[PDB]
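If you read the sequences in order, they're chains H, A and L. When you line the first sequence up against PDB author numbering, it's residues 1 to 35, 35A to 35B, 36 to 82, 82A to 82C, 83 to 100, 100A to 100E, 101 to 214, in that order. When you line the second sequence up against PDB author numbering, it's residues 253 to 321, 342 to 512, in that order. When you line the third sequence up against PDB author numbering, it's residues 1 to 9, 11 to 95, 95A to 95B, 96 to 106, 106A, 107 to 208, in that order. Beta carbons: idealized from backbone N, C-alpha and C, even for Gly. In what follows, a single structure is set out as structure tokens and then discussed.
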Amino acid sequence: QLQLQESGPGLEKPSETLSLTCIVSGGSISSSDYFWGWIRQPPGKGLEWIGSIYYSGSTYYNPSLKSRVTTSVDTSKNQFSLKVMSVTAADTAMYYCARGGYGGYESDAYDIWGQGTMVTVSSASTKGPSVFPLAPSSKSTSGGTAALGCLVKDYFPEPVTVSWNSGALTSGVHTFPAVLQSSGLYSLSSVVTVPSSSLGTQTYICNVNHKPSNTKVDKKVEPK
Amino acid sequence: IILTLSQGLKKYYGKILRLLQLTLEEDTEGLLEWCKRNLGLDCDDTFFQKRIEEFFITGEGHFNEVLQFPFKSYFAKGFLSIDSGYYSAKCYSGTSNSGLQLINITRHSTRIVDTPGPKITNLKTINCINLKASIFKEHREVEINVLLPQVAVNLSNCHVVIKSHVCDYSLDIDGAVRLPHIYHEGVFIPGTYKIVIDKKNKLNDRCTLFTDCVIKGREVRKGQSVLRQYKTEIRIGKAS
Amino acid sequence: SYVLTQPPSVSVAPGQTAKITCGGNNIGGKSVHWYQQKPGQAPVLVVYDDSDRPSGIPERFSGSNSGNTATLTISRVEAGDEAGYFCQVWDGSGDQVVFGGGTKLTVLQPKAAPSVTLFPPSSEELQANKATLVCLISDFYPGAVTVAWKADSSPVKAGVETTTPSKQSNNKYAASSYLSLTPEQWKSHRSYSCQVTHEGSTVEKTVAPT
Ligand SMILES: *[C@@H]1O[C@H](CO)[C@@H](O[C@@H]2O[C@H](CO)[C@@H](O)[C@H](O)[C@H]2NC(C)=O)[C@H](O)[C@H]1NC(C)=O
Ligand SMILES: *[C@@H]1O[C@H](CO)[C@@H](O[C@@H]2O[C@H](CO)[C@@H](O)[C@H](O)[C@H]2NC(C)=O)[C@H](O)[C@H]1NC(C)=O
């Protein structure tokens, strides 16, 4: 199937240019009945259309942003891209790419979306997290089960993703939304509920990934 | 003052061209008498609508020069040269038409939603269902056949001749193509018309058509193809 | 600049019918699309062209559009329908995409007590000359908890960070609180506690430097 994927820097400095790329896969961007658009969503706010571009190069911009955004399309690489000039904190947002009907044949609704990529505008440098284990206490949750976790401490910017045992453990996993500390650094905890009888036979390793800093950390969580 | 047969017929036609909405001006001073003296009647607006309606639709055989079915020489089929001196149109009677080549525009309009689409449309690649183009490279002329006249076509630095089964006339003014309006228990315009653009005329060097490109969508709803449209330019002149 | 007007929110009991309007001048002349967006996820097209559904969208979703108002209707509402809903049109005059401001649909939910887990500092953090207490609160409705930290029995008045309660995937709420201490503060007191109050009921968890 046709899948869209955003690619972004995660972090951009004030008064610099943010550049995002969407890779189209499973089909050609050179579609005569569709064009390719960027929609963003600042924290807590609604959806805002930035612009859309046809494979032939014709661009359609939001009038509020036309003076500082531009879109391109590269048909050979099967991607289109977005540039936002002189960014400030007002440009910190989730950025989405999406496909919409163009030219009358198909509906102009945006049927296929990317996953969204998170861009934060800050003068601060990226910072990977320090990961510490949250050890079980024989039966942290009731009797049969127990709770263990990973403290993902003092990173910037969002997001981090956390998996357990390289994805082999998905039941009972709860990754909590991060807290924003007054230092501007982020912190979160991932906790997983496992049976108590397994605390001495199963190794539990959490996997922390922080794309903006290119940090990947594995932490074994053993019973103290 | 008095007008002879010659001057009064021009103003008589001038009023018809105004009511047809082909002109926005008229010289009708002296006309009211002229109809009392040469026609023995009061030619108010109601009278003139009856003449337009009877000439283009509800014919009664043979018509004269003043659109009744002096001026005792009644013709047959074909055309009156409704010429006011200021402007003229070659208009055809409904007796010379096989059926009703008019459409009723007071009747409801099929819904056409707007959509994103190409801002420039090439004259050789017109996928709009309301427009059909013929390029005559041998004669250096273009004929645009408008199939949905209710969708406006706007001229931009164009000097064209409009041809239809109702009237034939020249257009030289920017904006939406003016079409003949006839009242017959509702408003009627031609069902199709033709825009003839002579590219051998220097006045058409930058001739551009602005219109809504209507497109049949893939979806069929209520047993019909849904319609979408986008604004587009068709560049016809050399340096457009 | 064509303007779309959506109500900020709408509540519905399970099984009832929800309606979300999108106002605009002569919006009936435009094709209205609806997107559903759940917390932390990309939007999803649920209705297009006023009233058509993409494949996989349940029949309970239905649309209409005429005059100055378009309406999204969700019948026999389920918990999983809780989301933000956005209307959207292409404005042919301004040559732009316009999104409504979005409508938060909530589905009425029973009251739910929080689960609280409290973790002491790890040996590795203690070996790094730092110490953090972690209080994890989850599965509570409504989304309002009081969090209180206690050193022994006395209230802590420094080094606390607490998240705003955010909606989990099951539409209950979760929140975290963190107490920062020095390793010496951690070992000097006999215990620390996290006190969570929700709708008059308090849960207390305690950890010890042991
Ligand atoms: C042109 O179309 C209009 C419809 O817009 C027709 O007028 C309607 O005629 C029917 C039948 O007589 C009436 O029931 C409606 O009340 C009329 N509506 C209006 C607004 O007048 C009109 O008759 C048509 N003219 C034709 C077909 O010659
Ligand atoms: C062609 O011209 C017509 C009329 O000159 C345009 O229609 C008008 O557009 C303005 C601006 O949107 C409106 O305020 C008027 O009410 C419209 N009038 C009518 C009768 O529709 C039309 O938009 C033009 N088409 C193109 C493609 O430029």
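query: Which listed residue (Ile23/H, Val109/H, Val24/H and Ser153/H) has its alpha carbon closest to that of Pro14/H; result: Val109/H
query: Nearest residue (CA-CA) to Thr69/H, options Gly118/H, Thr57/H, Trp47/H and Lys75/H; result: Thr57/H
query: Contacts of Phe78/H in chain A (Cβ-Cβ under 9 angstroms); result: Here the premise fails: no neighbours, minimum Cβ distance about 15 angstroms.
query: DSSP-derived helix/strand/coil call for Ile304/A; result: helix
query: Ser121/L: first and last residue of the uninterrupted alpha helix (DSSP H) it sits in; result: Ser121 to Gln125
query: Residue range of the alpha helix (DSSP H) that includes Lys267/A; result: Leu257 to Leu271
query: Cβ-heavy atom distance, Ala173/L to ligand 2, below 6 angstroms; result: no
query: Boundaries (first-last residue) of the beta strand (DSSP E) holding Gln37/L; result: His34 to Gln38
query: Residue nearest to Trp35A/H in terms of C-alpha spacing, selected from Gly96/H, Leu159/H, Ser127/H and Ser186/H; result: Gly96/H
query: Alpha-carbon to alpha-carbon, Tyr364/A and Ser100B/H; result: 43 angstroms
query: Proximal chain L residues relative to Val152/H, where beta-carbon distance stays under 8 angstroms; result: The premise fails here: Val152/H is roughly 14 angstroms from chain L at the closest Cβ pair, so nothing lies under 8 angstroms.
query: Neighbourhood of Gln301/A by C-beta distance below 6 angstroms, restricted to the same chain and skipping five residues each side; result: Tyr455
query: Neighbour flag for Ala85/H against chain L, beta carbons, 7 angstroms; result: no
query: Residues within the region 372–386 of chain A neighbouring chain L, beta-carbon criterion of under 7 angstroms; result: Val385 and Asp386
query: Short CB-CB distance (under 7 angstroms) between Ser12/L and chain A; result: no
query: Residues of its chain near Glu159/L, where Cβ-Cβ distance is below 6 angstroms and the 5 sequence neighbours each way are ignored; result: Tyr176
query: Short CB-CB distance (under 7 angstroms) between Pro167/H and chain L; result: yes
query: Closer than 7 angstroms to chain A by CB, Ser63/L; result: no
query: Neighbouring residues, chain L, relative to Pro388/A (Cβ below 7 angstroms); result: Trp91
query: Contact list for the region 39–63 of chain L against chain H, Cβ threshold 7 angstroms; result: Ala43, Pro44, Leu46, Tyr49, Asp50 and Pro55
query: Contacts that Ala172/L makes with chain H (C-beta to C-beta distance below 9 angstroms); result: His164, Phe166 and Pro167
query: Nearest-angstrom beta carbon gap, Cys485/A and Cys400/A [assumed within contact, 8 angstroms]; result: 4 angstroms
query: Three-state secondary structure (DSSP) of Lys404/A; result: strand
query: Endpoints, the beta strand (DSSP E) within which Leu4/H is located; result: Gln3 to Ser7
query: Closer than 7 angstroms at the beta carbon, the chain H residues around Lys391/A; result: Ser56
query: C-beta neighbour in chain H for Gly489/A, strict 7 angstroms; result: yes
query: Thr162/L burial status per 10 Å Cβ neighbour count (16 or more: buried); result: exposed
query: Start and end residues, alpha helix (DSSP H) containing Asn290/A; result: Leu283 to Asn290
query: Check: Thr378/A C-beta below 6 angstroms from any heavy atom of ligand 1; result: yes
query: Beta-bridge partners of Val145/L, as assigned by DSSP; result: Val194/L
query: Range of the contiguous beta strand (DSSP E) that encloses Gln39/H; result: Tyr34 to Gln39
query: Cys133/L vs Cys192/L beta-carbon contact at 7 angstroms; result: yes
query: Residues proximal to ligand 2 by C-beta, any heavy atom closer than 7 angstroms; result: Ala424/A, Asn426/A, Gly447/A, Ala448/A, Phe482/A, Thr483/A, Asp484/A, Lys503/A and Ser94/L
query: Beta carbon of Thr387/A nearer than 7 angstroms to that of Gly99/H; result: yes
query: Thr397/A - DSSP class collapsed to helix/strand/coil; result: coil
query: Host alpha helix (DSSP H) of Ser186/L (start-end); result: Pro181 to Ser186
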